[PDB]
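Comments concern the structure below.
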Amino acid sequence: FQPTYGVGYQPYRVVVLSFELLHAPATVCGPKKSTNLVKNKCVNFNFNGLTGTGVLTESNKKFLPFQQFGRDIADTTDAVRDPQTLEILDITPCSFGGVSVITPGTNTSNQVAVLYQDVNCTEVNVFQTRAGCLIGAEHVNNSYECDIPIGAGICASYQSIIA
Amino acid sequence: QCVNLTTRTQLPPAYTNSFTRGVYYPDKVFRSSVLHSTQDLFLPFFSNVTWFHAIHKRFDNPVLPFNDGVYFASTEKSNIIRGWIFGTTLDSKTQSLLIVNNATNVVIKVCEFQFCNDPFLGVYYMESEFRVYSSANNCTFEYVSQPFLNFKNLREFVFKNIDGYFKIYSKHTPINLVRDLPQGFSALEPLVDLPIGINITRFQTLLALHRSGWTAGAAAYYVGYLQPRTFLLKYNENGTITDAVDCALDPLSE
Amino acid sequence: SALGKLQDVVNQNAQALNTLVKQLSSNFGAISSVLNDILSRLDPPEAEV
Amino acid sequence: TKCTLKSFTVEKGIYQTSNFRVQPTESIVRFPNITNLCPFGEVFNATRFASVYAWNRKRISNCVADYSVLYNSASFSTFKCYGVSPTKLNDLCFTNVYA
Ligand SMILES: *[C@@H]1O[C@H](CO)[C@@H](O[C@@H]2O[C@H](CO)[C@@H](O)[C@H](O)[C@H]2NC(C)=O)[C@H](O)[C@H]1NC(C)=O
Ligand SMILES: *[C@@H]1O[C@H](CO)[C@@H](O)[C@H](O)[C@H]1NC(C)=O
Ligand SMILES: *[C@@H]1O[C@H](CO)[C@@H](O)[C@H](O)[C@H]1NC(C)=O
Ligand SMILES: *[C@@H]1O[C@H](CO)[C@@H](O)[C@H](O)[C@H]1NC(C)=O
Ligand SMILES: *[C@@H]1O[C@H](CO)[C@@H](O)[C@H](O)[C@H]1NC(C)=O
Ligand SMILES: *[C@@H]1O[C@H](CO)[C@@H](O)[C@H](O)[C@H]1NC(C)=O
Ligand SMILES: *[C@@H]1O[C@H](CO)[C@@H](O)[C@H](O)[C@H]1NC(C)=O
Ligand SMILES: *[C@@H]1O[C@H](CO)[C@@H](O)[C@H](O)[C@H]1NC(C)=O
């Protein structure tokens with residue numbers, strides 16, 4: 001080898017990578033990509049192969065250091081540990097609920113109110129009940145007889161629609 | 001280098017009661033204030049656990065089966081028990097697993113060791129004697145890690161081999177009981193998972209001699225065998241398994 | 001055990017809900033009980049089955 | 001409500017007509033810190049290489065390999081992957097690599 005050589009006589013360093021896969025457990029993988037953690041939003045989470053959809057909030061459950069996920073009685077993942085920063089996150093399910101329409105007769109009026117059951121009013125004449133969020137009904141401080149039952153002691157009537 | 005130990009005293013190995021020992025965490029999932037029924041390879045309650053001694057002249061390094069899994073208990077003072085050997089034929093024909101804890105570090109190697117008939121470490125009164133294997137030709141897995149370790153210390157280990165995965169569970173307990181296994185409950189936390197992917201049917205305990213012939217330091221260990229069964233585990237408010245029920249022991253626990 | 005009649009109804013309803021939730025963990029002869037695993041592992045002709 | 005009740009006239013009352021489910025917005029795929037990278041620097045940037053009759057073999061195992069620091073390196077004159085696509089190396093997991 002001289003440095004004055006032409007191409008094809010110059011030295012070439014060659015590395016041959018042979019990826020072989022025997023049925024022993026595989027231990028050579030690529031970089032597992034990670035993205036910034038977003039909390040308090042209904043996101044699709046994928047934590048160490050455990051996937052799902054939920055709202056990831058801060059948790060007061062103190063895990064033991066070998067434990068990663070958390071399950072309730074009904075075997076649903078409600079707590080998890082972030083692998084980047086060892087912190088515990090609660091996985092609340094994303095809000096779902098029945099949509100009910102409260103109306104008088106169409107012979108009387110076409111005005112309606114909408115009840116989103118078990119849904120907070122910030123996640124949808126807006127009133128928060130224990131039955132859910134009621135939109136389109138004016139809440140009054142007076143007490144009358146029950147005309148249209150809403151639930152949890154709340155009733156609706158037509159006089160506009162009041163609750 | 002291999003050395004036959006020819007000054008042993010003939011004595012049958014002993015047997016004793018497992019009580020409620022050998023329970024390990026079956027998975028990596030946090031559970032709190034719950035009663036969870038799980039079916040896994042567990043050590044049965046109040047079972048016949050085999051007892052081996054090291055006392056002076058007893059030096060118990062026999063050939064034991066591995067079967068589906070091994071519970072290894074150690075009533076230890078002054079650090080005689082140092083590691084384990086796993087394999088099928090324990091020679092260069094098959095591939096064998098070495099776990100050692102010498103005076104510096106913990107070494108795990110998967111090689112085809114030509115093992116001695118009596119593998120051992122030694123302490124001179126300093127460690128200057130190591131006779132475990134005579135050769136090591138084809139090595140696939142190496143892993144150097146942290147040190148895992150009247151009888152003062154209790155060491156519980158659970159060794160399992162499922163789907164090419166070697167699960168080692170460990171628990172360290174301060175005790176002050178003289179001779180036998182203390183009666184109580186302690187759930188074994190997972191120590192390490194090794195992707196060794198080898199067939200294991202036989203295993204060896206590695207001990208250490210004391211030289212000043214040879215003298216065996218006072219130590220005792222216990223070997224039990226795991227069986228597939230159901231336990232009802234109780235998880236407290238802190239996520240720690242505090243009590244267990246063997247589902248097939250007696251009709252009350254059933 | 002004075003109030004056992006109400007507690008029996010509460011326990012039966014809670015046990016029925018727990019059994020109905022637990023039945024989602026069963027695959028019923030399929031390869032998995034998780035729908036996302038089937039939809040990410042298989043083509044739609046066999047994932048339909 | 002008229003669609004649900006199959007009628008053009010609706011009697012006074014409350015009628016459960018539909019459902020509202022919050023729908024996801026982002027995907028968060030959090031993984032452990034990328035640690036114990038494979039020692040490709042001791043293979044490619046080695047001071048002394050071997051001859052071809054006595055070629056060196058390094059058993060790359062028990063580590064994670066960033067293959068796209070090689071495929072995006074300007075230095076290599078030849079980069080020919082035969083059994084595998086080049087960009088798919090960061091996703092496929094192999095039992096071990098021989099260099
Ligand atoms: C320690 O004792 C064992 C058991 O006797 C020895 O193993 C035998 O060694 C002889 C040597 O020729 C072989 O022919 C036998 O086949 C061996 N038996 C087994 C079961 O392997 C061992 O060699 C002794 N150690 C030393 C250093 O001599
Ligand atoms: C990952 O890195 C962060 C900071 O870079 C550190 O705080 C965290 O402990 C690391 N994760 C582990 C498991 O060590
Ligand atoms: C344990 O086994 C030995 C022999 O295998 C037997 O003599 C002994 O009685 C057994 N112990 C119990 C508690 O059954
Ligand atoms: C312990 O074993 C390792 C691996 O063989 C070795 O490098 C080290 O020197 C040993 N230490 C002692 C004190 O023997
Ligand atoms: C195992 O080692 C022997 C002797 O060193 C050698 O002849 C054989 O090819 C090796 N086998 C493998 C699979 O490495
Ligand atoms: C593992 O070893 C045992 C005992 O040597 C043998 O019976 C069994 O067939 C082996 N397993 C396989 C898959 O060869
Ligand atoms: C749980 O932990 C708290 C402190 O974090 C402690 O006060 C309490 O005694 C523990 N409970 C049990 C059953 O150990
Ligand atoms: C060799 O070193 C150079 C400069 O430090 C770097 O760009 C290159 O990636 C290295 N090669 C490897 C790590 O294979």
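Keep in mind that the numbers below use all heavy atoms, side chains included, and drop hydrogens, waters and symmetry copies. Just so it is clear: chains get the letters A, B, ... in the order the sequence lines come, proteins before strands, and each one is counted from 1.
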Would a line drawn from the ring center of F66(B) to the ring center of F159(B) be shorter than 6.0 Å? no
Take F19(B) and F185(B) through the ring-ring contact (aromatic ring centres under 6.0 Å, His included) test and state the conclusion after the steps. CA-CA 9 Å; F19(B) 289 117; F185(B) 182 76; over 10 Å; no
Measure the CZ-CG distance between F40(D) and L70(D) for me, rounded to the nearest 0.5 Å. 6.0 Å
When you measure from the side chain of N236(B) to the backbone N and O of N238(B), does any donor-acceptor pair fall under 3.5 Å? yes
Qualifying residues under disulfide (SG to SG under 2.5 Å), relative to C81(D), sequence neighbours excluded: none
Could you list all the salt bridge (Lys or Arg N to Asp or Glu O under 4.0 Å) pairs where at least one residue sits in residues 235-247 of chain B, not counting sequence neighbours? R229(B)-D246(B)
Under the salt bridge (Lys or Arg N to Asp or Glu O under 4.0 Å) test, residues paired with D40(B) that sit two or more places apart: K160(B)
Verdict with supporting geometry, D75(A) and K22(C), side chain to side chain contact (heavy atoms under 4.5 Å, CB included): CA-CA 8 Å; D75(A) 291 331; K22(C) 181 64 67 68; 3.5 Å; yes
Is there any disulfide bond (SG atoms under 2.5 Å apart) pair reaching into residues 25-70 of chain A, and which pairs are they, with sequence neighbours excluded? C29(A)-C93(D), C42(A)-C94(A)
Using ring-ring contact (aromatic ring centres under 6.0 Å, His included) as the criterion, point out the one residue from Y143(B), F86(B), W84(B), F141(B) that pairs with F166(B). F86(B)
Take the angle between the ring planes of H172(B) and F157(B) and call it parallel below 30°, perpendicular above 60°, tilted in between. perpendicular
Between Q67(A) (side chain) and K28(B) (backbone), is there a donor-acceptor pair under 3.5 Å? no
Quick one: sort the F79(D) and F76(D) rings into parallel, tilted or perpendicular, breaks at 30° and 60°. tilted
For the rings on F19(A) and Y67(D), is their centre-to-centre separation under 6.0 Å? yes
Can you name the disulfide (SG to SG under 2.5 Å) partners of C247(B), sequence neighbours left out? none
Set out, in order, the CA-CA distance, both residues' side-chain angles and the distance that settles side-chain hydrogen bond (donor to acceptor under 3.5 Å, both in side chains) for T76(A) and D72(A), then state yes or no. CA-CA 6 Å; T76(A) 64; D72(A) 63 335; 2.7 Å; yes
Stepwise ring-ring contact (aromatic ring centres under 6.0 Å, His included) check, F69(A) with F47(A): CA-CA 9 Å; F69(A) 323 109; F47(A) 293 165; 8.8 Å; no
Who pairs with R71(A) by salt bridge (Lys or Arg N to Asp or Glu O under 4.0 Å), at least two apart in sequence or on another chain? none
Please test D66(D) against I34(D) for side chain to side chain contact (heavy atoms under 4.5 Å, CB included), starting from the C-alpha separation and ending with a verdict. CA-CA 10 Å; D66(D) 201 326; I34(D) 174 64; over 6 Å; no
Do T35(A) side-chain atoms and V29(D) backbone N/O form a donor-acceptor pair below 3.5 Å? no
Measure from the side-chain N and O atoms of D43(C) to the backbone N and O of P45(C), and report whether any donor-acceptor pair falls under 3.5 Å. no
Begin with the C-alpha distance, continue with both residues' side-chain angles, and end with the deciding distance and a verdict on side chain to side chain contact (heavy atoms under 4.5 Å, CB included) for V10(D) and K2(D). CA-CA 7 Å; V10(D) 181; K2(D) 293 170 175 175; 3.8 Å; yes
Any donor-acceptor N/O pair, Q227(B) side chain to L41(B) backbone, under 3.5 Å: no
